[PDB]
């Protein structure tokens, strides 16, 4: 105490951070606080190693494997998760837990209308139309090194009419309003379904798995043996469809992540 729980700048990260916090406080005498607006993955990793945070609420296997670990790329979600867990324990004395039950992947996304008009189901379907299209992307994907824009341009070999970086939160309205024709969205965003959008299949498997787990140093788990059993209550409980809905409560309906987390915990009676 106090258990410091870290969140990056994503609704789901704040929701999940609040969930664990409230859960910990529901079941034990531990106090918690949330550290929000954490930056890049390297920044988040550094916070975990020095003590700025005691629990990382949301980490994604794909980011850890290619970014933090710099490992041989792995296409299979279960093998990627197992490798990530063993290397985090061996290199960093960190426990990467099993997944909450959801993955949050980059996903090329269009309106249902434009999908019908251009006959789009897969990312390769976009290839022949690309020179006429405007693509909106987040603020870091253009310069991202492993599975960023450069490597996309080599693997799929299409070049867009224009490329437009912006706060990820804005891409959903950008494509829905027709200001962008296609966007690299995040798959857990509830605005995809609610705005009548459609995710295109990554037929080449350019993107690695991105299953989401909490991460805690073995030091912290030793000093607070009650922590393990509480975190375990959340594992496998939140699938992608469910995370999308929780996200929409924040992004679309403007509710506080803490309120959304509480209402979810109340529904599930705090997992006993």
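Residue numbers count along the first chain shown, from 1.
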Report the stretch with the higher mean CA temperature factor, choosing between 161-169 and 107-115 on the basis of the entry.
161-169
Averaging the C-alpha B factors as listed in the entry, name the stretch that ends up higher: 204-212 or 234-242.
204-212
When the entry's CA B-factors for 186, 140, 129, 92 are compared, the highest one belongs to 140
Take the CA temperature factors straight from the PDB entry and tell me which of 77, 73, 190, 101 peaks.
73
Tell me, lowest, middle or highest third: where does the Cα B factor of residue 27 rank within its chain?
middle
Mind checking which third residue 124 falls in for C-alpha B-factor across the chain?
middle
Split into thirds by Cα B-factor across the chain's modelled residues, where does residue 42 land: lowest, middle or highest?
highest
Using only modelled residues of the chain, where does the Cα B factor of residue 145 rank: lowest third, middle third or highest third?
highest
Taking the values exactly as deposited, rank residue 86 by C-alpha B-factor within its chain and report the matching third: lowest, middle or highest.
lowest
